[PDB]
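J.: Structure incoming, see below.
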Amino acid sequence: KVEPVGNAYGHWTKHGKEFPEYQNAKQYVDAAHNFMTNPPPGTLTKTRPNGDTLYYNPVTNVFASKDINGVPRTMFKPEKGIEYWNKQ
Amino acid sequence: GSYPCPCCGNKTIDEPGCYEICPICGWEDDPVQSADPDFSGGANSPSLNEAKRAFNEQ
Ligand SMILES: [Fe+2]
């Protein structure tokens with residue numbers, strides 16, 4: 001399993017421009033945790049074969065995923081929007 | 001660290017299809033985009049095929 005601080009910083013470098021309300025990787029990870037722990041209305045969910053849970057809110061266009069123990073994998077805004085969600 | 005990155009093919013991925021970011025080529029290991037290599041606009045802006053084409057020039 002990838003080292004978590006590096007996973008968080010790498011995802012913040014890649015996706016931070018999608019979340020200009022946040023200024024650092026810690027705020028980004030906090031926001032991902034908060035999103036999947038207290039999903040806003042309209043957040044849809046799916047489970048993957050390894051126990052990961054996927055989250056997608058079409059209103060904000062926010063996708064995120066976490067493993068079976070709640071460790072975030074990623075959070076981003078897919079350019080394809082709901083079409084991305086309906087592909088899995 | 002022992003699965004191939006779907007873009008560059010080097011063994012950098014720990015858990016396949018779990019959105020790890022390859023340290024060599026920058027590809028985020030999105031399973032929708034490896035299952036459909038022409039699908040742009042998931043975790044990565046380019047499709048997998050676009051990212052492989054670009055990387056093979058690099
Ligand atoms: Fe790679």
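Letters A, B, ... go to the chains of the structure tokens in the order shown; residues in each chain start at 1; ligands are counted from 1 in the same order.
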Identify, with DSSP run on backbone atoms, the residues in chain A assigned to alpha helix (DSSP H), and express the list as a list in words.
T.: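 Going through chain A, the alpha helix (DSSP H) residues come out as residues 4, 5, 6, 7, 8, 9, 10, 11, 12, 13, 14, 15, 25, 26, 27, 28, 29, 30, 31, 32, 33, 34, 35, 36, 37, 82, 83, 84 and 85 of chain A.
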J.: Which residues sit within 6 Å of ligand 1, counting only C-alpha atoms and all ligand atoms, listed as a list in words?
T.: residues 5, 7, 8, 22, 24, 25 and 27 of chain B
J.: Report as a VMD selection string all protein, DNA and RNA residues lying within 9 Å of segment 59-73 of chain A, evaluated on only C-alpha atoms, omitting residues in the same chain fewer than 3 positions from it.
T.: (chain A and resid 4 7 to 8 11 29 32 to 33 35 to 37 42 to 43 50 to 56 76 to 79 81 to 82 85) or (chain B and resid 18 to 20 43)
J.: Using only N, CA and C atoms, please write the residues we just selected to a file, as a tab-separated table (two decimals), in the first residue's frame.
T.:
```tsv
chain	number	residue	atom	x	y	z
A	4	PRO	N	1.24	6.96	2.85
A	4	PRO	CA	0.09	7.88	2.80
A	4	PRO	C	0.43	9.36	2.63
A	7	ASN	N	1.19	9.81	-0.96
A	7	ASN	CA	-0.04	9.69	-1.74
A	7	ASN	C	-0.85	10.97	-1.66
A	8	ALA	N	-0.96	11.55	-0.46
A	8	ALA	CA	-1.72	12.78	-0.29
A	8	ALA	C	-1.06	13.94	-1.04
A	11	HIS	N	-1.45	13.59	-4.89
A	11	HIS	CA	-2.80	13.90	-5.36
A	11	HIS	C	-3.10	15.39	-5.27
A	29	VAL	N	-6.78	16.70	1.92
A	29	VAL	CA	-7.07	15.40	2.51
A	29	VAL	C	-8.19	15.51	3.55
A	32	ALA	N	-11.37	15.61	1.69
A	32	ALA	CA	-11.75	14.31	1.15
A	32	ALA	C	-12.32	13.43	2.25
A	33	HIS	N	-11.68	13.41	3.42
A	33	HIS	CA	-12.19	12.62	4.52
A	33	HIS	C	-13.58	13.09	4.91
A	35	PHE	N	-15.84	14.76	3.14
A	35	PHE	CA	-16.75	14.39	2.05
A	35	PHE	C	-17.23	12.96	2.19
A	36	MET	N	-16.34	12.02	2.50
A	36	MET	CA	-16.78	10.63	2.53
A	36	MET	C	-17.31	10.20	3.87
A	37	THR	N	-17.04	10.99	4.90
A	37	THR	CA	-17.61	10.69	6.21
A	37	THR	C	-18.96	11.35	6.41
A	42	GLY	N	-27.24	14.09	-2.34
A	42	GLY	CA	-26.95	13.82	-3.73
A	42	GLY	C	-25.64	13.08	-3.99
A	43	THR	N	-24.90	12.69	-2.96
A	43	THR	CA	-23.66	11.93	-3.15
A	43	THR	C	-24.03	10.47	-3.37
A	50	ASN	N	-12.50	-4.98	-3.85
A	50	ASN	CA	-11.51	-5.01	-2.78
A	50	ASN	C	-11.99	-4.28	-1.52
A	51	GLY	N	-13.25	-3.86	-1.50
A	51	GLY	CA	-13.82	-3.18	-0.35
A	51	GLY	C	-13.69	-1.68	-0.37
A	52	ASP	N	-12.99	-1.10	-1.33
A	52	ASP	CA	-12.99	0.34	-1.50
A	52	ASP	C	-14.42	0.83	-1.69
A	53	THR	N	-14.71	2.02	-1.16
A	53	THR	CA	-15.96	2.71	-1.48
A	53	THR	C	-15.67	3.91	-2.38
A	54	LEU	N	-16.49	4.09	-3.41
A	54	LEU	CA	-16.42	5.24	-4.30
A	54	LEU	C	-17.56	6.20	-4.00
A	55	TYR	N	-17.28	7.50	-4.14
A	55	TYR	CA	-18.25	8.55	-3.87
A	55	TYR	C	-18.29	9.53	-5.03
A	56	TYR	N	-19.50	9.96	-5.42
A	56	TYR	CA	-19.57	10.97	-6.48
A	56	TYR	C	-20.78	11.85	-6.24
A	76	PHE	N	-11.04	14.15	-6.88
A	76	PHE	CA	-10.87	14.97	-8.07
A	76	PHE	C	-12.24	15.28	-8.66
A	77	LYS	N	-12.22	16.19	-9.63
A	77	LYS	CA	-13.40	16.58	-10.40
A	77	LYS	C	-13.23	16.09	-11.83
A	78	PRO	N	-13.87	14.98	-12.22
A	78	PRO	CA	-13.67	14.43	-13.58
A	78	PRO	C	-14.24	15.36	-14.62
A	79	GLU	N	-13.47	15.59	-15.69
A	79	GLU	CA	-13.99	16.41	-16.78
A	79	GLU	C	-15.27	15.82	-17.37
A	81	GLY	N	-17.60	14.16	-15.72
A	81	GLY	CA	-18.79	14.34	-14.88
A	81	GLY	C	-19.51	13.03	-14.68
A	82	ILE	N	-20.84	13.06	-14.76
A	82	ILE	CA	-21.63	11.87	-14.45
A	82	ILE	C	-21.30	10.72	-15.41
A	85	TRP	N	-18.93	8.60	-13.74
A	85	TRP	CA	-19.55	7.77	-12.71
A	85	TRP	C	-20.26	6.57	-13.32
B	18	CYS	N	-6.25	1.55	-8.13
B	18	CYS	CA	-6.59	2.24	-6.88
B	18	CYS	C	-6.05	3.66	-6.88
B	19	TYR	N	-5.92	4.27	-8.06
B	19	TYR	CA	-5.61	5.71	-8.21
B	19	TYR	C	-4.24	6.11	-7.67
B	20	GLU	N	-3.30	5.17	-7.54
B	20	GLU	CA	-1.92	5.57	-7.30
B	20	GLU	C	-1.40	6.40	-8.47
B	43	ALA	N	-9.72	10.40	-13.81
B	43	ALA	CA	-8.73	10.97	-12.89
B	43	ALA	C	-7.67	11.73	-13.66
```
J.: Please give the complete set of residues from chain A that DSSP, run on the backbone, assigns to strand (DSSP E), formatted as a PyMOL selection string.
T.: chain A and resi 44-47+53-57+62-66+72-76
J.: Can you pull out every residue within 6 Å of residue 80 of chain A, counting only C-alpha atoms, but drop anything in the same chain fewer than 3 positions away, and send it as a list in words?
T.: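 My reading of the contact set: residues 83 and 84 of chain A; 41 of chain B.
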J.: Keeping only N, CA, C and O atoms, write those residues as a JSON list (two decimals), in the first residue's frame.
T.:
```json
[["chain", "number", "residue", "atom", "x", "y", "z"],
["A", 83, "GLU", "N", -20.86, 11.04, -16.62],
["A", 83, "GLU", "CA", -20.51, 9.98, -17.55],
["A", 83, "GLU", "C", -19.39, 9.11, -16.99],
["A", 83, "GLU", "O", -19.36, 7.89, -17.21],
["A", 84, "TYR", "N", -18.43, 9.73, -16.31],
["A", 84, "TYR", "CA", -17.39, 8.99, -15.60],
["A", 84, "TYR", "C", -17.99, 8.08, -14.54],
["A", 84, "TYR", "O", -17.62, 6.91, -14.42],
["B", 41, "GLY", "N", -10.64, 12.26, -19.45],
["B", 41, "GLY", "CA", -11.49, 13.01, -18.54],
["B", 41, "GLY", "C", -11.97, 12.22, -17.34],
["B", 41, "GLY", "O", -13.08, 12.49, -16.83]]
```
J.: Per residue of chain B within 9 Å of chain A, record the nearest atom pair and its distance in Å to one decimal, counting only C-alpha atoms, with rows in chain order and ascending residue number, as JSON lines.
T.:
```
{"residue": "B:1", "atom": "CA", "partner": "A:2", "partner_atom": "CA", "distance": 8.0}
{"residue": "B:13", "atom": "CA", "partner": "A:2", "partner_atom": "CA", "distance": 8.3}
{"residue": "B:14", "atom": "CA", "partner": "A:1", "partner_atom": "CA", "distance": 5.6}
{"residue": "B:15", "atom": "CA", "partner": "A:1", "partner_atom": "CA", "distance": 6.4}
{"residue": "B:18", "atom": "CA", "partner": "A:73", "partner_atom": "CA", "distance": 6.7}
{"residue": "B:19", "atom": "CA", "partner": "A:73", "partner_atom": "CA", "distance": 6.3}
{"residue": "B:20", "atom": "CA", "partner": "A:7", "partner_atom": "CA", "distance": 7.2}
{"residue": "B:21", "atom": "CA", "partner": "A:10", "partner_atom": "CA", "distance": 6.9}
{"residue": "B:23", "atom": "CA", "partner": "A:10", "partner_atom": "CA", "distance": 8.9}
{"residue": "B:26", "atom": "CA", "partner": "A:14", "partner_atom": "CA", "distance": 8.6}
{"residue": "B:28", "atom": "CA", "partner": "A:11", "partner_atom": "CA", "distance": 8.8}
{"residue": "B:31", "atom": "CA", "partner": "A:88", "partner_atom": "CA", "distance": 8.6}
{"residue": "B:32", "atom": "CA", "partner": "A:88", "partner_atom": "CA", "distance": 6.5}
{"residue": "B:39", "atom": "CA", "partner": "A:84", "partner_atom": "CA", "distance": 9.0}
{"residue": "B:40", "atom": "CA", "partner": "A:80", "partner_atom": "CA", "distance": 7.7}
{"residue": "B:41", "atom": "CA", "partner": "A:79", "partner_atom": "CA", "distance": 4.6}
{"residue": "B:42", "atom": "CA", "partner": "A:78", "partner_atom": "CA", "distance": 4.8}
{"residue": "B:43", "atom": "CA", "partner": "A:78", "partner_atom": "CA", "distance": 6.1}
{"residue": "B:44", "atom": "CA", "partner": "A:78", "partner_atom": "CA", "distance": 7.9}
{"residue": "B:45", "atom": "CA", "partner": "A:79", "partner_atom": "CA", "distance": 7.0}
```
J.: Between atom CA of residue 34 of chain B and atom CA of residue 30 of chain A, what is the spacing in Å?
T.: 28.1 Å
J.: Go ahead and compute the interatomic distance for atom CA of residue 10 of chain B and atom CA of residue 47 of chain B, in Å to one decimal.
T.: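 Between these atoms lies a distance of 18.2 Å.
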J.: Please, what distance in Å, to one decimal, runs between atom CA of residue 12 of chain B and atom CA of residue 47 of chain A?
T.: 24.8 Å
J.: Quick one: of A:58, A:24, A:17, A:9, who's nearest to residue 44 of chain A, counting only C-alpha atoms?
T.: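 The closest residue to residue 44 of chain A is A:58.
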